[PDB]
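Participant: One structure, pasted below without further comment.
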Amino acid sequence: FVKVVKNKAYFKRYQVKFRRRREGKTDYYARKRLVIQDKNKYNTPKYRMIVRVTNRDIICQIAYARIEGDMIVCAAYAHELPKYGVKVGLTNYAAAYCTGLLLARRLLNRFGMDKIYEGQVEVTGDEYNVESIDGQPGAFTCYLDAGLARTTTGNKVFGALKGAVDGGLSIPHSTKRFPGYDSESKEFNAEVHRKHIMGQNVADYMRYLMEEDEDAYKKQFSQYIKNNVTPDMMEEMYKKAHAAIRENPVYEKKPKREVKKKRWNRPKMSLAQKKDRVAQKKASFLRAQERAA
Amino acid sequence: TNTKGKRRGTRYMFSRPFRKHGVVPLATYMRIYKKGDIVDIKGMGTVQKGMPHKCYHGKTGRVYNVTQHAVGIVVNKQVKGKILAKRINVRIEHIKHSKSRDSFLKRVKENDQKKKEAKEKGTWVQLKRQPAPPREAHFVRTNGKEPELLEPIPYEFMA
Amino acid sequence: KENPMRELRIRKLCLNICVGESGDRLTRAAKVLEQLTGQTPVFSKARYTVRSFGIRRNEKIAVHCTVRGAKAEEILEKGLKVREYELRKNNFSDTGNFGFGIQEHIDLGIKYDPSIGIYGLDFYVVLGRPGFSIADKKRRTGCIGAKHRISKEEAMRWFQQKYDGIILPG
Amino acid sequence: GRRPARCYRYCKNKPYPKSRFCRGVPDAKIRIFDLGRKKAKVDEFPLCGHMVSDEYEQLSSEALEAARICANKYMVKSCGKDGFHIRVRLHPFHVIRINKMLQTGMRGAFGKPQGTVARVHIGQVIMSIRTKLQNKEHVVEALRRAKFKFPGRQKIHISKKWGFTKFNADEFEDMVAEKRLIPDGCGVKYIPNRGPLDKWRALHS
RNA sequence: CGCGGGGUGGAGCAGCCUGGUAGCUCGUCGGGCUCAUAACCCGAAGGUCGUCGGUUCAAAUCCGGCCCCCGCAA
RNA sequence: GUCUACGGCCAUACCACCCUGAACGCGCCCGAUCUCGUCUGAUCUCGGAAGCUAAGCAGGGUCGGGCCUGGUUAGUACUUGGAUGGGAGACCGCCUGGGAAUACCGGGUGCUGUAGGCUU
RNA sequence: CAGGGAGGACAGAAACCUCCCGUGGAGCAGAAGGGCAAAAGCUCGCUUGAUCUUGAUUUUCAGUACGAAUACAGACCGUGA
RNA sequence: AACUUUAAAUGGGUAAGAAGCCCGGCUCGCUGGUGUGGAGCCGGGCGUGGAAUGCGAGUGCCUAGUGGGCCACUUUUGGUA
């Protein structure tokens, strides 16, 4: 035959990697260039913006590194958008912009900076940057945590970036990965970026399914029909959501009802039962062997 | 004669421990260092920038200057009958806090805790550390069993 | 009452032609794959020089293409008509895949032309199951598990009910 | 020919085995470390002898080769060619050096690889012979005749182990009885209660 | 045992450092020329490069341990 | 009780096989018009919600391997200091202190930081 | 990655394609050691931080130079969102 | 000896307070969600002098001779010695 690969010596000399690296969640090579802070700052908090695009949700958090583990100071989820008038389409580019804007305005409310650094209110998609006002507290600055997501042009991770910048956060960025950036001539179109922010790219597809075939329209989009979201008013719907986010960005926690304190889990079996299993296994194998002879 | 290389004879000393290779743990990078912190030095082979010289391995010094990615540490080196208080620039990967100093800083707290306390009570509590004194007179109980006898075993050739 | 995503699907059908020589010999066989798959194939280059075959290191010696979706369903149906729906025991792999080699491309239903010539090719079918995309995704890569794997026996019997192709020893 | 063994006797320098650094070494004289009826089971040769060294000194490969023949020459005459099994437990790996000359003198005096030699300590077994229990004084006599081929003095000891195994002879018949040892030809295999239960069923069925 | 150097169709040779194509003198064999030999003419084969291993995209080529011969060191 | 996002320590966490997963969640999954990228929407990106715990994932089990931690090995090997100790030497013994590691035999098989859910 | 197993016309021990295992057993310009797996290795894209100028320190040390290097500071940049 | 999962004894750094703690407040052109962080300045309160033993310490000039060594226990290199 051939030699066995995973022998006794394989596991003896095997070094396991980090638990997050084994699960494939952290990118520690990039994390070293990330949130950790220069030694002449002496616990100056280095804030970073964590944006994760999930299958049914979009998570936007702001955290800074600590020795017990990095701490979330503010978070915003895409499922909070039903409160702000966005029933469905919670994972598109337009939903990432609203999630980033909700995180942006919520953080400024908790720091007393709601009135200062308003940001973009009449969104166009241009190259906007927040500038600190003299005689006033400085503008909040942070950096984007792309994670393991491939950052190409038009990524939803940069959609939450645009919502955060327009909310009053000074995040260093370049308008190369935003949608509408023409690759061949190297220029950025603000109107095309506005359409993706306003969800008008989805509006073209739903209208495209009107002319081609009705059956694929109901299969591809079902809750759009159920919640009565035609392409016409999504530009009005997102403007309603943008105004609703800025007027009340504070979060209210759901009340915690008393838990029944029951274990759905399988408890770990103790040593005495472990030692009893092999005594019963050995005794039964002997008497079953006795019936054969 | 031997060579005068920077890393001559550093085969095992700068090497990584068994099954401890790979990515450097990130808690070293996010540990603070102030001026005058007692710091011991232990070289790491993963990061080749800012490695201390082989004469500073295992030594303990104090920090005087802190840069972005490294700190400056005053260390003592014996050079042919004299000790030179010299300064080196060592990167953060090579640096741990020395836990020799905290025991004195720990002990000062209970010396100060027992100084302000019991001053109103007047009880004189001993504060100086004492070496292990001779044990006092005590009684050993042999209740029941008599102390059994030990016999030197006869020799037998094991091999 | 088996689970609906335990149904055995076809992940990819891979085609490859190794003429073992660059120049006019190789580029004409690429157009055979172009007009059959409907897509431009990608050339396959030599790993190292073997002076016996007349090849060199990094010399273009093969051309290959991978077909997905319903087109791979149609080409596999076309290919087994050439082999009259029969396979040997050893053609199936231990991981649930199989393949075979046909004599030439004219048996598929494409007319010969003098400007290209005659070329043989190679079939290989990579079977799959819903959930095989975990092992090659960038984000949360992981194994598929022992129950979810396709055994050799399970791949052989899938060929029996679907295409009614007998597997005789040889 | 070669130098007398008096010079290369004491454990002078560090171990110097044949490797990349020490090359061009001629082959050692001893090549057949085991002889007799070595293709034998464990239950017919319980008695084991020993030749235990008594000095921290070096045994050359020629001395091991010479004492191997003398131990075999007497043992064959006594119990035949297949009533025993001799084990030479010293493998010569230390290469010795010769400063071969032909003027230079001590200019660049580093030794050439003359031959091999085996380090042995006090209380270490040089040769061990397993055989049947009744043929006992033959082992002592055969090992007595091999003592003259070795420098210094060494003792002959009758082992408490069952043959070449590491288990006592008085306990050996017990561990077979409730199946704690399995005879693996020349040696025996120790089976603990730590493995999977499937192999326990195989031993009991 | 040390340094400088060589081994290759049957006898002698080239071709290596700057590797991409192994040539030539004599010689062996077959036919022709002559009554026959020689001479001459026509045609064809014969070169794992001493062994092992590495290298480069490939080793006669570049490198290291080892067999023989010529004369050298003491 | 448990999950998700970001982590700290980096196998008590890994590996092999099997069993169970209420709710949310994570995912599997449905398509390529737009952003984007490939031979191929397989990967990535984008747009979604018909089906599902099959898989990923969580938990548990194996007289499991590995890993962690103890006993034994053993006051053994070794070693600081000492002798007008022994021995021809090789080496050994004693006083004074310190003190290992295999084989073998036991126990365990992830804790925890911030934010946000679910079991209402 | 080295390597191993299993398959597929030529194709065999190896020419090319596919699947699985694979803690590095490959590779990093070289001799050796240390170090490195979403990299320091392989492949692409863009560039010239291989640019200019003060100081301080380490290494051999006499604690002098040269060479090499280490943390900085001021500019001008490259690259990446 | 140019292998190592383990791994001593001997040994090599550091600490055992008054130049130490605990407060309150100013300055900064350094860093900025935030009198954030750091550093420097002040002012104030704490003496059971915070292990054993032993000993007065610190410091500046000028400067001869020396720069062939050898032997002894233990460790060890080359060499048979």
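Every chain in the structure tokens has a letter given in the order shown (A, B, ...), and although residue numbers restart at 1 in each chain, ligands are simply numbered from 1 in the order shown.
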Pull out every residue of chain D sitting within 8 Å of chain A, counting only C-alpha atoms, and send them as a VMD selection string.
Facilitator: chain D and resid 197 201 205
Participant: Which neighbours of residue 29 in chain A fall inside 10 Å, counting only C-alpha atoms (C1' of nucleotides), when residues of the same chain fewer than 4 positions from it are skipped, and could you give them as a ChimeraX atom specification?
Facilitator: /A:33-34 /B:23-24 /G:38-39
Participant: Output the selection as a PDB file, in the first residue's frame - C-alpha atoms (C1' of nucleotides) for each residue.
Facilitator:
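For reference, out07.pdb as written:
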```pdb
ATOM      1  CA  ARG A  33      -2.424  46.842   9.745  1.00  0.00           C
ATOM      2  CA  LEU A  34      -5.901  47.596  11.189  1.00  0.00           C
TER       3      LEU A  34
ATOM      4  CA  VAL B  23       0.873  34.690  13.333  1.00  0.00           C
ATOM      5  CA  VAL B  24       2.081  36.782  16.273  1.00  0.00           C
TER       6      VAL B  24
ATOM      7  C1'   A G  38      -6.028  34.204   3.001  1.00  0.00           C
ATOM      8  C1'   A G  39       2.371  34.694   3.546  1.00  0.00           C
TER       9        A G  39
END
```
Participant: Enumerate the residues of chain B with a DSSP assignment of helix (DSSP H, G or I), computed from the backbone, and present them as a ChimeraX atom specification.
Facilitator: /B:54-56,92-94,101-116
Participant: Hey, what's within 12 Å of residue 37 in chain F if we count only C-alpha atoms (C1' of nucleotides) and toss same-chain stuff fewer than 2 positions away? As a PDB file with N, CA and C atoms (P, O5', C5', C4', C3', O3' and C1' of nucleotides), in the first residue's frame, please?
Facilitator:
```pdb
ATOM      1  N   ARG A 150     -14.486  40.784  -1.004  1.00  0.00           N
ATOM      2  CA  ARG A 150     -13.740  41.314  -2.141  1.00  0.00           C
ATOM      3  C   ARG A 150     -14.229  42.723  -2.448  1.00  0.00           C
ATOM      4  N   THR A 152     -14.452  45.169  -4.847  1.00  0.00           N
ATOM      5  CA  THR A 152     -14.476  45.629  -6.225  1.00  0.00           C
ATOM      6  C   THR A 152     -15.315  46.900  -6.328  1.00  0.00           C
ATOM      7  N   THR A 153     -15.474  47.400  -7.550  1.00  0.00           N
ATOM      8  CA  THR A 153     -16.283  48.591  -7.764  1.00  0.00           C
ATOM      9  C   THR A 153     -17.761  48.255  -7.603  1.00  0.00           C
TER      10      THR A 153
ATOM     11  P     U F  35     -23.725  48.184 -15.414  1.00  0.00           P
ATOM     12  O5'   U F  35     -22.965  48.098 -14.019  1.00  0.00           O
ATOM     13  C5'   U F  35     -22.946  49.206 -13.130  1.00  0.00           C
ATOM     14  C4'   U F  35     -22.206  48.874 -11.862  1.00  0.00           C
ATOM     15  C3'   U F  35     -20.971  48.003 -12.031  1.00  0.00           C
ATOM     16  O3'   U F  35     -19.828  48.740 -12.429  1.00  0.00           O
ATOM     17  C1'   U F  35     -22.291  47.170 -10.253  1.00  0.00           C
ATOM     18  P     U F  40     -16.447  33.318 -19.552  1.00  0.00           P
ATOM     19  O5'   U F  40     -17.352  32.227 -18.825  1.00  0.00           O
ATOM     20  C5'   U F  40     -18.356  31.523 -19.540  1.00  0.00           C
ATOM     21  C4'   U F  40     -18.858  30.333 -18.763  1.00  0.00           C
ATOM     22  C3'   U F  40     -19.347  30.616 -17.352  1.00  0.00           C
ATOM     23  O3'   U F  40     -20.672  31.118 -17.324  1.00  0.00           O
ATOM     24  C1'   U F  40     -17.935  28.716 -17.339  1.00  0.00           C
ATOM     25  P     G F  41     -20.983  32.562 -16.692  1.00  0.00           P
ATOM     26  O5'   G F  41     -21.556  32.239 -15.241  1.00  0.00           O
ATOM     27  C5'   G F  41     -20.702  31.778 -14.198  1.00  0.00           C
ATOM     28  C4'   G F  41     -21.244  32.116 -12.829  1.00  0.00           C
ATOM     29  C3'   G F  41     -22.614  31.525 -12.499  1.00  0.00           C
ATOM     30  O3'   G F  41     -22.662  31.168 -11.118  1.00  0.00           O
ATOM     31  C1'   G F  41     -22.711  33.892 -12.368  1.00  0.00           C
ATOM     32  P     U F  43     -20.482  29.460  -6.581  1.00  0.00           P
ATOM     33  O5'   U F  43     -19.028  30.108  -6.508  1.00  0.00           O
ATOM     34  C5'   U F  43     -17.999  29.515  -5.730  1.00  0.00           C
ATOM     35  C4'   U F  43     -16.735  30.336  -5.771  1.00  0.00           C
ATOM     36  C3'   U F  43     -16.887  31.805  -5.404  1.00  0.00           C
ATOM     37  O3'   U F  43     -16.884  32.026  -4.004  1.00  0.00           O
ATOM     38  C1'   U F  43     -15.630  31.618  -7.399  1.00  0.00           C
ATOM     39  P     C F  44     -17.834  33.148  -3.355  1.00  0.00           P
ATOM     40  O5'   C F  44     -17.384  34.504  -4.062  1.00  0.00           O
ATOM     41  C5'   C F  44     -16.177  35.159  -3.699  1.00  0.00           C
ATOM     42  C4'   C F  44     -15.950  36.388  -4.541  1.00  0.00           C
ATOM     43  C3'   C F  44     -17.058  37.431  -4.495  1.00  0.00           C
ATOM     44  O3'   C F  44     -16.948  38.295  -3.378  1.00  0.00           O
ATOM     45  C1'   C F  44     -16.452  37.015  -6.747  1.00  0.00           C
ATOM     46  P     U F  45     -18.267  38.874  -2.663  1.00  0.00           P
ATOM     47  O5'   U F  45     -18.938  39.802  -3.771  1.00  0.00           O
ATOM     48  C5'   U F  45     -18.333  41.024  -4.171  1.00  0.00           C
ATOM     49  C4'   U F  45     -19.027  41.613  -5.372  1.00  0.00           C
ATOM     50  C3'   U F  45     -20.517  41.866  -5.214  1.00  0.00           C
ATOM     51  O3'   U F  45     -20.794  43.082  -4.548  1.00  0.00           O
ATOM     52  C1'   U F  45     -20.117  40.773  -7.272  1.00  0.00           C
ATOM     53  P     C F  46     -22.117  43.229  -3.653  1.00  0.00           P
ATOM     54  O5'   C F  46     -23.306  43.265  -4.714  1.00  0.00           O
ATOM     55  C5'   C F  46     -23.440  44.352  -5.620  1.00  0.00           C
ATOM     56  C4'   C F  46     -24.439  44.047  -6.707  1.00  0.00           C
ATOM     57  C3'   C F  46     -25.848  43.718  -6.244  1.00  0.00           C
ATOM     58  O3'   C F  46     -26.607  44.872  -5.934  1.00  0.00           O
ATOM     59  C1'   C F  46     -25.165  42.150  -7.877  1.00  0.00           C
TER      60        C F  46
END
```
Participant: Would you return as a PyMOL selection string the members of range 104-134 of chain C that DSSP assigns to strand (DSSP E) on this structure's backbone?
Facilitator: chain C and resi 122-128
Participant: With N, CA and C atoms kept, could you save the residues just selected as a tab-separated table (two decimals), in the first residue's frame?
Facilitator:
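The new file part-v7.tsv reads:
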```tsv
chain	number	residue	atom	x	y	z
C	122	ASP	N	-11.68	14.44	-24.70
C	122	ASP	CA	-11.82	13.68	-23.47
C	122	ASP	C	-12.98	14.24	-22.65
C	123	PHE	N	-13.82	13.34	-22.14
C	123	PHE	CA	-14.89	13.71	-21.23
C	123	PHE	C	-14.51	13.41	-19.79
C	124	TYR	N	-15.02	14.24	-18.88
C	124	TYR	CA	-14.98	13.95	-17.45
C	124	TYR	C	-16.12	14.69	-16.78
C	125	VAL	N	-16.89	13.97	-15.97
C	125	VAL	CA	-18.07	14.51	-15.31
C	125	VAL	C	-17.78	14.62	-13.83
C	126	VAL	N	-17.97	15.81	-13.28
C	126	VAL	CA	-17.80	16.06	-11.85
C	126	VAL	C	-19.20	16.19	-11.26
C	127	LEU	N	-19.67	15.13	-10.62
C	127	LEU	CA	-20.99	15.14	-10.02
C	127	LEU	C	-20.97	15.97	-8.74
C	128	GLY	N	-22.15	16.27	-8.22
C	128	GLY	CA	-22.23	17.13	-7.06
C	128	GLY	C	-23.55	16.98	-6.34
```
